[PDB]
Structure formats: C-alpha cells, structure tokens
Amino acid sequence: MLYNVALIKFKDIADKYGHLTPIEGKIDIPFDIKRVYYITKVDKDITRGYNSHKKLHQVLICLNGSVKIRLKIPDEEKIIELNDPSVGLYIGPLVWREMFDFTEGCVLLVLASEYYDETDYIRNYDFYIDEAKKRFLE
C-alpha cells in the first residue's frame, strides 16, 4: 500500500461571493513553498509526468475541472482523481507519478519544497525501480 502520499484538506471559505482557499507554508502544508507551478491547456489524450524525485516534496491541487494522478511504487498503484480545489495531494520522495485525463479548462497547481533542480528528478523508470525497491521492499 501507498507510502509517501496523502490527501490534505484545505479551508474552503465559501459564501455568495464565491470560494477562496488559502494555503500557508508550514501551516496548511508541512513545508515552505519555495516554488509553484501550474499546468494548463493539456489535450485530452495526453499523459504527463513519468517521473519521481529523490528528495522533493510536493502537493498537487486541481483548481478547475478534473485530472487523474497515477501513483506507483513497487507492487502498488493507485489512481486518484483530483477535482476539488480544497483538497491537495501530497507526494513525497520516491513515488512515481503520471497525470492524465485532464478535462477541458483543467488547472493543476503544484506547490514544491525546493527550487527546480533537474538532478533531483528520476526520469528513468528502471533506475526508479532499483531505488524504490531499496526503500519500500524489506
């Protein structure tokens, strides 16, 4: 079963004026926000990701529409659909992830614990498996 992943619940401050959700570094999520990014205008048949990370922590949030996140570690896979702006998906080190079924108008926001650093990525699936079997298997 799926280590290094959680669903985080944010305040959804909602009235006749609309919805607002705040996320304060170290309060609403466990790390300081050094970097954000967001993904938009993804075509319906596209899959993104295909990677893990050595040390990075992130929280993914779908702020409009819906998107599916495939989460993999050795011998376990989960799909999580993100479709509620008040819910974040925390993904820590050594989880492999893929994102797909981006709806029209979909907005995927990620909060990240470190500046962009390509050396922290694991893009090679066989190296990922070797590393992750060390961590997760006994």
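Residues carry their position along the shown sequence, with the first being 1.
Participant: Name the higher of the two by mean Cα B-factor in the PDB entry, 123-131 versus 21-29.
Facilitator: Between 123-131 and 21-29, it is 123-131.
Participant: Test of understanding: from the entry's C-alpha B-factors, which stretch has the higher mean, 54-62 or 38-46?
Facilitator: Stretch with the greater average CA B-factor: 38-46.
Participant: Once the chain's modelled residues are ordered by C-alpha B factor and cut into thirds, is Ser86 in the lowest, middle or highest one?
Facilitator: Within its chain, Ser86 is a middle-third residue by C-alpha B-factor, going by the deposited values.
Participant: Considering every modelled residue of the chain and its Cα B-factor in the PDB entry, is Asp15 in the lowest, middle or highest third?
Facilitator: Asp15: CA B-factor falls in the highest third of its chain.
Participant: Ordered by C-alpha B-factor within the chain, which third holds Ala112? Give me lowest, middle or highest, please.
Facilitator: Bottom third by C-alpha B-factor.
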